[PDB]
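Single chain ahead, by itself, as structure tokens, in the form deposited in one PDB entry.
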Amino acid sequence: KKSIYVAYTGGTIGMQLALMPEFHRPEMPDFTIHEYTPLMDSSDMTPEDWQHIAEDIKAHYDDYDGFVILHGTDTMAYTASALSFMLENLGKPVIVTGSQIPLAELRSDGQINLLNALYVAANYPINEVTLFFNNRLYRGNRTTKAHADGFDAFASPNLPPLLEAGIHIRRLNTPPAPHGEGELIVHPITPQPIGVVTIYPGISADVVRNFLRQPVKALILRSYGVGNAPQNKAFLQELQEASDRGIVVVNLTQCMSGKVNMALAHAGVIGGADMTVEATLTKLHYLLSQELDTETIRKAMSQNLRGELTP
């Protein structure tokens, strides 16, 4: 019989398991729930909350066959993405899930997403940080909350799911992530000021100038299509002035799906390929927190570290 650790970090799902007979069925793994203190709305999470969860998995790693992280949907994809970088040589499944309706409210999805995450962690283990939602397991660092009001809340726009649940559970033929074998390594992080700039008609040089001020180590650009911005010379020079001061400037697509393929490149900007804002932001927290020079971080942002981008 497998044993699954459940980190109950907060979220809708919690806003009871004993009174439901399905959970204690013989076919289920054993599981234990740790209720965090305090419980958090995932809208209130900081990057240090990613650290608390990573260290909680680290404490429990040896004594469980897998890990379920119960979490608010608002930032679930950021947490999943962060854990993927912070965990290295992961040898057990870590599945983040939650609910769009609280377990306490009628028609809650919370019971069914938790039961599925527990069953899948035990019986179809995949040694990656994954996100289970509405009968699909996704690579955590490929996810976004796409549908604010839907039970199918999460998408994986640039990658098929890893696993689908119907009458049976099927592992899909999705290409595996680069995967280290060895001792689990858990990478701590420390606060990093990062700006997120959306490219839109009538954006000014002033925005890039503002972030440069004193307080930012990296800039994420949400640019058009395959990575275009207006060719405004003030804008470009601001971006060059950013990279000249060692700021890591990364070009993403504002589009739900697709790949940046770039100039901005002349202005020191690094392409983020098909990375989500969630993967890019967390990967920056990860790399900035390490003993790495600006140029090594700039190189690593465009490489596939944990399956978050297509080379």
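Start at 1 with the first residue shown and count on from there. Basically, rigid core = biggest C-alpha set you can superpose within 1.5 Å across the two forms.
Only in words, not in the display: the form deposited in another entry, which the text now covers.
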| property | result |
| --- | --- |
| Which of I220, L163, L103, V186 is displaced between this form and the one not shown by 2 angstroms or more at its C-alpha, rigid core aligned | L103 |
| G150 C-alpha shift between this form and the one not shown of 2 Å or more, rigid core reference | yes |
| Note on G150-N173 C-alpha separation in the other form, which departs from the shown form by 3 angstroms or more | farther |
| Change in CA distance between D152 and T174 in the other form, which is 3 Å or more, as closer or farther | farther |
